[PDB]
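Colleague: Experimental structure and its sequence below.
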Amino acid sequence: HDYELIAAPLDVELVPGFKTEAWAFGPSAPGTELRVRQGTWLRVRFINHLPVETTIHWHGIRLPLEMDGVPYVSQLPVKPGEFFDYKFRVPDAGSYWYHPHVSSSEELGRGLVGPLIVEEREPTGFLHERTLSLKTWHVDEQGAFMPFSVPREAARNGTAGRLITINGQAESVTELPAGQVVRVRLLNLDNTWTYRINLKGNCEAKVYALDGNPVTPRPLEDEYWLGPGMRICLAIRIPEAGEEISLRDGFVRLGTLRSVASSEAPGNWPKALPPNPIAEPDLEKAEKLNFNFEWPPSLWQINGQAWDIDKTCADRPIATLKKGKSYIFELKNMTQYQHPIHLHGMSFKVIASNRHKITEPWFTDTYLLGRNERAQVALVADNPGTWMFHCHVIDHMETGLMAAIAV
Ligand SMILES: [Cu+2]
Ligand SMILES: [Cu+2]
């Protein structure tokens, strides 16, 4: 599977009837959609027609280290009118995404994000799917860009996005079936906003995976909090036709789901997603240390106490890990705010905690850590060397809420 790709500085009509001076991954930004079979070292040549350097981070995604879009011993930072060969095996089925790991506030903020369907090689029980690609843009009322870094907004829960965009569309008109189940690849791809999601309106609705990394089929539920660098592969039995089902964030009119007609029979409930083969950790055998949290210009958002810029580029060994050995992490949120703690490279299972309490443990690349929460996450050092790891509230990362570890 061998592929193209512009980083095209695209003027596109974002604000209905207006400008917008943006940097897309080709067209239809948030990015162009990626489909690969679960296998082929996915061949791609990145392209820059933009004025400055940019990687491509394969979020969650557990590639050969070099490839992870991660500056300096992994890959050094690709330039304007230049390319790097992007090539990697695809282990983690279901929705992942892509986006830089450079000056990212600005970069992603200007549209540098996009999805990554990873076609489960098992014939998807779902007849029909769809992609529902969430960002909310740092744009003023005229389309021109609001700042991406905002100190007192960002030193609390993150810098303010504004415009509500699925596939880059405010008020989405995604058209659907009379009777069939539908796969609902929902991707939070925002910088900063942590989205509090529900369904009102008349329909049946079930989930299958989360953050690509599947599990059993839990349904409709309370408002499931979705974080930056989180996703949710999920299903909807839209009823018999008509109903424009209200997609919401708590109350908030996000998108709309026109139930359109079909001369066709029902695509009744698929049996559970066959979970991803992952760093399956041994329970009693692992060991443990911990941290996150605190509050001198640049982030004052301290990391198990370790500034970050001595840690700028090389490594003051912020953690020291061994290959193939199973392992465990306590996480304390210490500042009066909430952080979506992400990982590359590997993807992890969760065990037990405070805020939510644990029925079936779940795989994901990113854990969504609440205030004073102390959650037991666990995996094994599957992939090698220096992997990156950090508060995916992009701003919280940017200048000093990042840290990392090797194998
Ligand atoms: Cu990542
Ligand atoms: Cu954060």
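Modeller: That came in fine, so what should we check first? Numbers count the residues shown, from 1 in each chain. Ligands and ions are numbered 1, 2, ... in the order given.

Colleague: Assign a three-state SS to the residue of the stretch 201-350 of the chain found nearest ligand 1, would you?
Modeller: Relative to ligand 1, the nearest point of the stretch 201-350 of the chain is residue 344 (3.8 Å; Cβ to the ion). C-betas here are computed from N, CA, C, even on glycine. Using DSSP: H, G, I helix; E, B strand; the rest coil, the structure places residue 344 in coil.

Colleague: How about the one 10 residues further on?
Modeller: Secondary structure, three-state DSSP: residue 354 is coil.

Colleague: Contacts only, for it.
Modeller: By Cβ atoms under 8 Å, 6 or more residues apart in numbering, the contact set of residue 354 is 370, 372-375.

Colleague: so how far is residue 125 from the residue lying farthest from the centre of the chain?
Modeller: Taking Cα atoms, centre = their mean as the measure, the residue most remote from the mean C-alpha position of the chain is residue 263, 36.2 Å away. In this view, residue 263 and residue 125 are 21 Å apart by Cβ to Cβ, to the nearest Å.

Colleague: Just give the number of residues close to the closest residue to residue 179 other than its chain neighbours.
Modeller: Using Cβ to Cβ, 6 or more residues apart in numbering and skipping the chain neighbours, the partner closest in space to residue 179 is residue 266 (4.3 Å). Number of residues near residue 266 (other Cβ atoms under 10 Å) recorded here: 14.

Colleague: Equivalent analysis for the one 3 residues further on, please.
Modeller: Here the count is done by other Cβ under 10 Å, and residue 269 has 14 residues near it.

Colleague: Run through the residues that contact it.
Modeller: Contacts of residue 269 by Cβ under 8 Å, 6+ apart are 181, 206, 217, 235, 237.

Colleague: gap between the first one and residue 219?
Modeller: It refers to residue 181. Counting by Cβ to Cβ, the gap from residue 181 to residue 219 is 12 Å.

Colleague: Those two - which one has more neighbours?
Modeller: Applying other Cβ under 10 Å to residue 181 and residue 219 shows that residue 181 carries more neighbours, namely 23 against 10.

Colleague: Just give the nearest non-adjacent residue to that one, would you?
Modeller: Here the residue nearest residue 181, using Cβ to Cβ, 6+ apart, is residue 267, at 4.6 Å.

Colleague: which residues does that neighbour contact?
Modeller: For residue 267, the contact set (Cβ under 8 Å, 6+ apart) comprises 126-128, 177, 179-181.

Colleague: can you give me the helices in this protein?
Modeller: Remark: helices assigned in the chain by DSSP state H are 104-109, 151-154, 394-398.

Colleague: Now the residue most central in space within the chain. Nearest residue, chain neighbours left out?
Modeller: Nearest residue to the geometric centre of the chain (Cα atoms, centre = their mean): residue 229, 2.1 Å. Of all residues not flanking residue 229 in the chain, residue 392 sits nearest, at 4.1 Å (Cβ to Cβ, 6+ apart).
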